[PDB]
Protein chains: 2
Amino acid sequence: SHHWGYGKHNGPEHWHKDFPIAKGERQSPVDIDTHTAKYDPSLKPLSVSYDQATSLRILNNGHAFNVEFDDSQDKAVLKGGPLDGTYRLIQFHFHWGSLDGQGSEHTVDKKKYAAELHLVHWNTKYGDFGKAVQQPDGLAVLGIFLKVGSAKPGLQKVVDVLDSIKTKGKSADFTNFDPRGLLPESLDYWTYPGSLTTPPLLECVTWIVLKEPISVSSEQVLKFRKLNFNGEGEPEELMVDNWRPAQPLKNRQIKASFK
Amino acid sequence: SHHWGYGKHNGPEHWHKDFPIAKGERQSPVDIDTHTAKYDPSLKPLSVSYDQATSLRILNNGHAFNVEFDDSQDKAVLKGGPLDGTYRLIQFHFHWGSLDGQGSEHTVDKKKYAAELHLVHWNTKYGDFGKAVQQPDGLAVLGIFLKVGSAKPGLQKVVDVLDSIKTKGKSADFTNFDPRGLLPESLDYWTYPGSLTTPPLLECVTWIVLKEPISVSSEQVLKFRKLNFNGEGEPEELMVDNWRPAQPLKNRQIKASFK
Ligand SMILES: [Zn+2]
Ligand SMILES: [Zn+2]
């Protein structure tokens with residue numbers, strides 16, 4: 001049976017065995033070197049339209065936890081920036097560390113943050129997510145760093161339900177969550193063409209990584225670390241360090257929306 | 001639920017809705033125009049090594065029937081011709097018509113044959129079939145036309161078990177079958193880069209189409225037409241005309257191994 005994770009035997013260094021695209025030309029995440037990621041004046045402002053977002057459920061999938069949204073209409077969309085057309089929010093999730101000093105997938109001048117939020121969107125041109133993931137312009141992932149600091153009020157609804165989804169396969173109803181409460185005030189960003197950061201590592205993502213982190217409390221992120229990778233009745237494996245390290249940039253350009 | 005077939009609503013003209021590669025650059029089958037499919041003196045002879053082929057089962061999958069082989073070792077392999085490396089036989093199946101005058105997928109100067117046999121092989125470089133289908137050179141399909149004429153003795157073992165797999169999902173044990181009994185005397189061929197001829201229509205196939213048809217009797221092909229596309233208990237839909245028509249060659253070259 002096929003399995004993957006973040007452990008010694010099944011972790012990122014081994015993903016290439018079952019998923020040879022892991023050594024591909026457009027893999028994510030990457031380190032963002034601010035000396036070489038140049039301002040591009042042709043980049044437009046990002047348009048985030050989340051005012052009508054409709055969350056449905058929250059699920060522990062054994063790798064992270066996803067908050068899933070109704071993506072049957074343009075209720076929560078990303079437009080503008082480097083994108084053509086309309087990208088619908090389907091889910092968000094996080095990657096995080098075992099310690100406050102690590103957890104993010106993207107890094108900025110090699111700096112790691114405590115966690116990283118991924119808001120995952122698919123291009124409506126392709127009809128559904130399953131077709132979109134097969135296209136180079138299929139997905140747009142908005143990535144937001146989490147820096148340990150003040151508590152984030154808009155995260156607390158998430159933190160408060162995590163005890164109900166401790167183990168793999170558990171889910172809960174999760175309505176009326178406002179994803180606007182997870183955004184920073186500035187939407188200045190970096191963008192590059194990349195991939196899913198988990199198997200199957202498909203190269204279908206326009207990455208949009210925000211410059212400004214959001215602040216999370218030490219206690220809020222500690223709650224994330226109480227989750228389990230494993231199923232109920234299996235040996236405890238705490239859900240920590242579920243991040244893939246920076247991959248080679250290869251021929252790619254990272255463009256900045258800001259000076 | 002996702003479905004496809006050969007009917008009015010779900011047939012080849014509609015496959016593009018769920019499988020947009022249907023309109024791609026390397027789709028199969030094609031018409032082989034013998035005035036433009038030029039002899040290539042750099043093409044090697046085809047090496048067919050089926051003396052140790054180990055058949056396992058025969059299955060009605062609701063689209064055709066497959067004879068499946070044990071592909072754990074190099075027991076039945078295709079080498080040479082246009083191929084680099086070793087391609088293991090995994091299964092064979094046929095496409096056929098409702099009438100003797102149609103049924104083949106490839107055509108030769110627009111001529112249709114009563115049926116076409118596909119012997120499906122995967123490139124061992126890629127580890128298993130599931131990874132091979134993700135690569136442009138992942139599969140090699142040896143295609144053999146069936147012309148109505150004398151009975152083919154080597155086909156009779158197949159014909160004799162079809163009553164046991166009439167409907168979708170039925171299978172039977174099917175051991176010691178000799179696929180050499182389905183080959184013509186000459187291995188002269190045409191070759192071109194193409195696709196699966198059924199959804200998901202992946203562009204992963206080196207096609208090797210033999211010049212010389214095999215015969216089959218009018219009664220043998222009539223037996224194929226008694227199979228059902230449908231499952232047990234569903235309305236009868238006879239398994240006939242399970243062929244995709246010729247697709248545009250676009251800028252591809254069809255090379256002949258013979259003058
Ligand atoms: Zn992610
Ligand atoms: Zn076929």
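Naming: A, B, ... by sequence-line order, numbering from 1 per chain. When a ligand or atom number is given, it counts from 1 through the structure's own listing order.
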| query | Are side-chain N/O atoms of B:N228 and B:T167 paired as donor and acceptor at under 3.5 Å? | reply | no

| query | Using a distance-only test with no angle check, is there a side-chain donor-acceptor pair under 3.5 angstrom linking B:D71 and B:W122? | reply | yes

| note | Ignoring waters, protein N/O/S atoms under 2.8 Å from the Zn ion (ligand 2) are B:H93 NE2, B:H95 NE2, B:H118 ND1

| query | Does the separation of the ring centres of B:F224 and B:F65 fall below 6.0 angstrom? | reply | yes

| Centroid-centroid distance, A:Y6 to A:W15, less than 6.0 Å | yes

| Under the side-chain hydrogen bond (donor to acceptor under 3.5 Å, both in side chains) test, which residues partner A:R225, sequence neighbours left out? | A:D100

| In terms of side-chain geometry, is the basic nitrogen of B:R57 or B:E68 positioned less than 4.0 Å from the acidic oxygen of its partner? | yes

